[PDB]
Every structure is written in structure tokens, then in C-alpha cells.
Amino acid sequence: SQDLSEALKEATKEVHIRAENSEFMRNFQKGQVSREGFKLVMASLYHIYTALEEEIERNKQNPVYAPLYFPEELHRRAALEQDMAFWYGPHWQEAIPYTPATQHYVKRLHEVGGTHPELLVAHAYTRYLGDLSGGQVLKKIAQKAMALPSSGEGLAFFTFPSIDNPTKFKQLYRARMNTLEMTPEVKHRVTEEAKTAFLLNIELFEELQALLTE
């Protein structure tokens, strides 16, 4: 569409359906993910968010991103570290895996953050909006399936204490996106990078799904 928010939604409509229909997400949605499979994805998201947020800090003041700087409400690294401590123990740092797909995803994040900051928004959009949408639905499935403490330990990643109304917040995040100044050509590259983002996620779920059945 015209506004970035709508252009992104329109451009990723297909890959999104493909992402939720991946073998791994379907099993997860039916409550058939194992503790080992869950530990794997969370370990992968750790590296992913560590890189993403690393690049966000680098570009937090660049106008091509700045309007979307939400460290207190969205950043996931700290939450993910609490989850690693929970699922892997005090030495999770040297214990967590780092799959090829994960490095490949991380690799793209650092290129974007380093040489194409004007595209970072596509990666933030893909991850954070999903976390406040389907991530919230998956959080409840994980709760019944894994049987974790009602205290929230092990699922800090799915919890956003500063966002009491995710629907409202997503609206504000979209409004901020439509505030970004960029030529029509950069906007197209941004929607395209968003596709890649989903793809990176899709191929990750394919890799992880293959590691489990293995």
C-alpha cells in the first residue's frame, strides 16, 4: 500500500501464512513441541535478538530508525538471558547451541545494521510485531504443554511488562513506521527485506524441525 505499515502488511501476507504453517509452528500450535525443541528455538532467538538489539543500539539515533526505538517496552535480550539461565543453567553461555540457520540470520542482521541501517525497521517489524501477536498465542500453548511455574520463569521472552495493551501498542508502532522518511524506492527495499526476514525465520523453523525429527 502507501503507508509503510500497510505496504509491509501487504508484502508479507504470504510469507506470514507460510511461516505459521511451517511444520514446526503447526506442531507448536497443536501443543506438540517438546522441551528439547522449545529449548532449541529459544536458544536461537537469544542469538537473533542479541544481534538485532545490538544493531538497534548502534542505530538508535539514526533518523532511518530512531522513531522505532523502544528499549524499555520491546527489547528481549535480558528476558532471553533469564530464560537461558532457566533452561540451560548458570553456564548457558557455553552450553546453548548456535545452529547454521541462526548464524545466517544473525549474519544478515549485522550486514543490515552495519551497511543498510535504513532496512533495520523491516527486521524489527518482523520480530517484535509477531511477538505481540502470534507470540502471545504461543505463550499460552507453551504454558499448558511445558507446565512451567505460574510465576513466569522460562517464558520471560513472551512477557512484556511495559505493554499492558499489545493491540494499542502495535497501532502506535505502525504510526511511528509511517513517520520514517524514505524515497519510494527505499520503501520497496524495506518491504522486500521484510520478506527476507520472514524467510530467515521460515528456514530456521525448517532447520530446527529437521534437527528434532533427526
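Rigid core (definition): largest C-alpha set, two forms, superposition within 1.5 Å. Residue positions are given as counts along the sequence shown, with the first one as 1.
Of the two stretches examined, 34-42 and 141-149, the one with higher mean CA deviation in 9 other deposited structures of this protein after a rigid core fit is 141-149. Relative to the displayed structure, the C-alphas of 126-134 lie farther away on average in 9 other deposited structures of this protein than those of the other candidate, with 126-134 and 97-105 compared after rigid core superposition. Of the two stretches examined, 18-26 and 194-202, the record assigns the greater average C-alpha temperature factor to 18-26. In this entry, 53-61 shows the higher mean Cα temperature factor of the pair 53-61 and 157-165. Reading the B-factor column for the CA atoms of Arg174, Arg189, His47, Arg35 in the entry, the top value corresponds to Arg35. When the Cα B-factors of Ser133, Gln82, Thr126, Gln103 are read from the PDB record, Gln103 comes out highest.
Ranked against the other modelled residues of its chain, the C-alpha B-factor of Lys139 as given in the entry falls in the middle third.
Remark: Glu94 belongs to the highest third of its chain, ranked by C-alpha B-factor as recorded. Sorting the modelled residues of the chain by their CA temperature factor places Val41 in the middle third.
Among all modelled residues in this chain, the alpha-carbon of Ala210 has a temperature factor (C-alpha) in the highest third. When the CA B factors of the chain's modelled residues are split into thirds, the value for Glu72 lands in the middle one.
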